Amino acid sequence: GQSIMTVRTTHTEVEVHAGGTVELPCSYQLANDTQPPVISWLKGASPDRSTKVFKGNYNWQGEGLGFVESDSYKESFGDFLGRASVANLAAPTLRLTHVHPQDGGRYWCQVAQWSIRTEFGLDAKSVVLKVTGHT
């Protein structure tokens, strides 16, 4: 009955050298709701006390039209534009290229129903990024 979101993260922290490429793993399960969710990667202390890194969602196909990676919204923001990507919105690990010294910090993988009807419809977990020689 009740739709329930659960985000998981294999890693609570990842390290890379500045100038390098890093991935921040993220997975989710959405019980009892087959509608595509919306993925946000948010950098900051908390999901609400953050700046946008990435946002995306599969586009609607139909009352049962499997999600299609090519038919999706995907956008990177701000200082991350052109450096941040999510290859698979259903398994929304973030890839960040050309890592800058100040890219160290806390990255929240948030996955939510498009309309968050209840508190059950959103979850988020954070992955720390350590930048070698800077963090």
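Start at 1 and count along the sequence shown; that's the residue number.
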- Message: Please compare 79-87 with 57-65 and say which has the higher mean C-alpha temperature factor in the record.
- Response: 57-65
- Query: Looking at the entry, does 95-103 or 66-74 show the higher mean C-alpha B-factor?
  - Reply: 66-74
- Item | From 27, 110, 46, 35, residue of greatest CA B-factor | 35
- Relative to the other modelled residues in the chain, which third contains the C-alpha temperature factor of residue 124: lowest, middle or highest? lowest
- Query: In terms of the CA temperature factor given in the entry, to which third of its chain does residue 9 belong: lowest, middle or highest?
  - Reply: lowest
